[PDB]
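Novice: To start, I am sharing the structure in question, which I have written as structure tokens.
Cβ coordinates were reconstructed from backbone atoms using ideal geometry, including for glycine residues, and neighbour counts include every protein chain displayed. Quick note: the coordinates plus some simple rules give every number you see, no bench work behind them.
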Amino acid sequence: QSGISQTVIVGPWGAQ
Amino acid sequence: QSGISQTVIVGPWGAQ
Amino acid sequence: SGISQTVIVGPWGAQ
Amino acid sequence: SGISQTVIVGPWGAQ
Amino acid sequence: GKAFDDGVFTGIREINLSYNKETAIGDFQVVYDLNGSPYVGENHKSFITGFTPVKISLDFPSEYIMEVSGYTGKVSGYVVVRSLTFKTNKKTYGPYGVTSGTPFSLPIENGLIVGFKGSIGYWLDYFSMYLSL
Amino acid sequence: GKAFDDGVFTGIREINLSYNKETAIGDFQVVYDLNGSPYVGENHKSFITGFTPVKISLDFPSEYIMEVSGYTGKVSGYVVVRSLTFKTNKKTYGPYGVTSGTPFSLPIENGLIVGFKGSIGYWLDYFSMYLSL
Amino acid sequence: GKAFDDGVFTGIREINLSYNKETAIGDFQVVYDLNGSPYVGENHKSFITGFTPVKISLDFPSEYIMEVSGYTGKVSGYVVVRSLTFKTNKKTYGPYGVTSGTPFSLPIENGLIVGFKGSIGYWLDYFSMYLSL
Amino acid sequence: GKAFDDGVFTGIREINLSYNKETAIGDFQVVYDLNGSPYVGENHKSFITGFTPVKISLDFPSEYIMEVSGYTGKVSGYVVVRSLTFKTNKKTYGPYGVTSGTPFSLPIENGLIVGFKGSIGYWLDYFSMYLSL
């Protein structure tokens, strides 16, 4: 574990 | 404030 | 509301 | 991983 | 249709579903992970028959869904979920059902799907997903 | 002691524990809520008998734990959880056990206890709690 | 294009974007809430000009986004975000841009958008959203 | 005392506090991480002078707090935070202040402290911590 808070991320929409 | 835990919910997709 | 929430533990001290 | 995570506080007691 | 809500779990182990190319999704059932043990969700089944069955068995916990996509459209006067695709970090499962109608896509960059809710009548009317870290 | 880990659920319905007025907490077991239905957790038992059992039945979901407190201390040369108190928005349950040694207090300003883990030998050696919104 | 990543905040106060009714979305910027005060996000800019600016000023915190929808499609050989619409609990902002190509939609039943990341070249190439309770 | 609430951030880079070996904790200030860059929190100052300052500079992000402990007790008829200790995965900082009164301990098994709130009059009256994954 590290000291950086995590968050849910949805996407990407668009290229790739 | 209730005793029920919550979660992010995305949708609905379909009939609206 | 449009304000994000987080778990809060405490308070420790007065009250 | 495919395992959901949760905040855990403790331990209180031994170790 | 009959609404359903499985609620939230620790992860996903298996997805069972069914479809018919002329219509839409006709069954939806999930085997979740609940703190290390499989938890068999209720079988949300169509009021009718003639569907092609599909079992998606995931290599839990290393394998997990990174995108849910599909199509909605009118079937016999009802807006329903016609097709579903589940992409994991291992492979793509689907499409199951025709790739026609209005597309939808839910890619996930961080976090996991931990539950499903929705409604089923003759077909899957709609669905939503619980997301968590 | 034998380690245990119930994992995470959606809330708490009932806590079943046991204690001895000369030593510490013995047995520990929880009936969780799992998406609106009770889920009976495994009974985590002491290696010995002679404890007094107690049932903490919560009026779920209107009643929930707001603070867990207690004491840790030496019993026959072992650091153990000597007493526990569970305070809800409606009532204080406890203290159960021996209120001697070093106090500890976990007040919750926002969030809920959704799971327990720990270890039990002759007595509850240590414990941790899962917290969620 | 140049990737950007605003990170996570407490909420959204304003979205400032630009679009062209013949091509796609250009500039993208967000004024976030950060613990009860405005936080001016960096303005992520197109490498070309000729766009029309819009200011989406939300009545924070009573007004918040409940659905983000749009279209992706090819512009001069590149897959880009051609159109965007923001639906709040109070009103609908958009569509801005060209409603052509493949649609996408992110409705939120529970939770909030708290950040944006993506990439912009001549147009908004792609984007993702941070979600939180 | 004067209530304060810094709110939530991405992590902790530095804690600047003051203490007096005959009374309690005075000043409290935090340099947070906000999406990869420092964010200097408001300095929450005591109404009284004569405190000894201390800087707790953390090796963010690989170094993070795993336990906050201390003592609460009476000073001039006020219940205040008399001592604080911060234990990280790399070092122990403290105890700062007077180790007298009633102990408290917040060990973290999974998750991070991402913010602080409380109140300061002549001394740190009380405090709470925001926790997140």
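Novice: Would you please state the base-10 log of I(q)/I(0) at q = 0.10, 0.16, 0.18, 0.22 1/Å for chain H, with intensities from the Debye formula using one equal scatterer on every alpha carbon?
Specialist: Cα-only, vacuum Debye calculation for chain H: -0.29, -0.75, -0.96, -1.44.
Novice: Separate question: Using a label point 7 angstrom from Cα along Cα-to-C-beta, what distances in nm, from shortest up, separate E:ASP59 from the other copies?
Specialist: The projected label point of E:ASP59 is separated from its counterparts by 3.6, 5.2, 5.3 nm.
Novice: Let me ask you something else. When the dipole is taken about the Cα centre of segment H:1-65, and only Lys, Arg (+1) and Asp, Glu (-1) are charged at their Cβ, what size is it in debye, to the nearest 20? Spell out each step's value before the answer.
Specialist: Values: 5 positive and 9 negative charges, 44 e Å.
Here segment H:1-65 has a charge dipole of around 200 debye.
Novice: Using the 10 angstrom Cβ neighbour count as an exposure proxy, how do F:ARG82, H:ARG13 rank, fewest first? It would help to have the intermediate numbers written out before the result.
Specialist: Values: F:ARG82 27, H:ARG13 24.
Starting with the residue having the fewest Cβ neighbours, the order is H:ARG13, F:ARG82.
Novice: Ok, one more. Please report, for H:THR99, the nm distances (one decimal) from its label point, 7 Å out from Cα along the beta-carbon direction, to the equivalent points in the remaining copies, shortest first.
Specialist: With the label placed 7 Å along Cα→Cβ, H:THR99 yields 2.6, 6.7, 7.0 nm.
Novice: So which of E:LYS55/F:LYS45; F:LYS45/H:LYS87; F:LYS21/F:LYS45; F:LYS2/H:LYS74 end up more than 29 Å apart, counting from Cα to Cα?
Specialist: Working: E:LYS55/F:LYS45 39 Å; F:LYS45/H:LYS87 32 Å; F:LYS21/F:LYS45 17 Å; F:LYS2/H:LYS74 40 Å.
Pairs exceeding the cut-off: E:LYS55/F:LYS45; F:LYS45/H:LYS87; F:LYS2/H:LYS74.
Novice: Among the chymotrypsin sites (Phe, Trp or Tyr not before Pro) within segment G:39-78, which fall in a DSSP loop and have no more than 16 other Cβ atoms within 10 Å of their own Cβ? Can you show the working numbers first?
Specialist: Values: sites: G:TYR39, G:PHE47, G:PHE51, G:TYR64, G:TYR71, G:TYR78; in loops: G:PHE47, G:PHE51, G:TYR64.
Listed in order of number, the matching sites are G:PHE47.
Novice: Further, regarding this structure: Could you name the residue in chain G with the C-beta closest to the rotation axis that superposes chain G on chain H, along with the separation in whole Å?
Specialist: G:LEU34, 4
Novice: While we're here: Taking a quarter of the surface of the Cα convex hull of segment F:1-68, what do you get in nm²? Spell out each step's value before the answer.
Specialist: On the way: hull surface 20.9 nm².
Reported value for the Cα convex hull: 5.2 nm².
Novice: Right, next: Along the Cα-to-C-beta direction of H:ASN110, a point sits 7 Å from the Cα; which residues of segment H:47-68 have their amide N less than 17 Å from that point?
Specialist: Counting only backbone N, you get H:66.
Novice: For segment H:90-133, what does the convex hull of the Cα positions come to per residue, in cubic angstrom? Don't skip to the answer; put the middle values down first.
Specialist: Numbers: hull volume 4.6 nm³, N = 44.
Hull volume over Cα atoms, normalised by residue count, gives 105 Å³.
Novice: Cα centroids of segment F:29-100 and segment B:2-16: how far apart, whole angstrom?
Specialist: Segment F:29-100 and segment B:2-16 have Cα centres separated by 31 Å.
Novice: Express in % the proportion of alpha carbon pairs of the protein assembly as shown at distances exceeding 46 Å.
Specialist: Working: 38978 of 176121 pairs.
When all Cα pairs of the protein assembly as shown are counted, 22 percent exceed 46 Å.
Novice: Here's a follow-up. When each copy gets a label point 7 Å from Cα toward the beta-carbon at E:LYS45, what are the spacings between them in nm, shortest first?
Specialist: Those label-point separations list as 3.9, 6.2, 7.3 nm.
Novice: Taking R0 as 41 Å, what's the FRET efficiency between F:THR92 and G:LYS55 from their Cβ-Cβ distance, rounded to 0.05?
Specialist: Values: r = 53 Å, r/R0 = 1.29.
My answer for the efficiency is 0.20.
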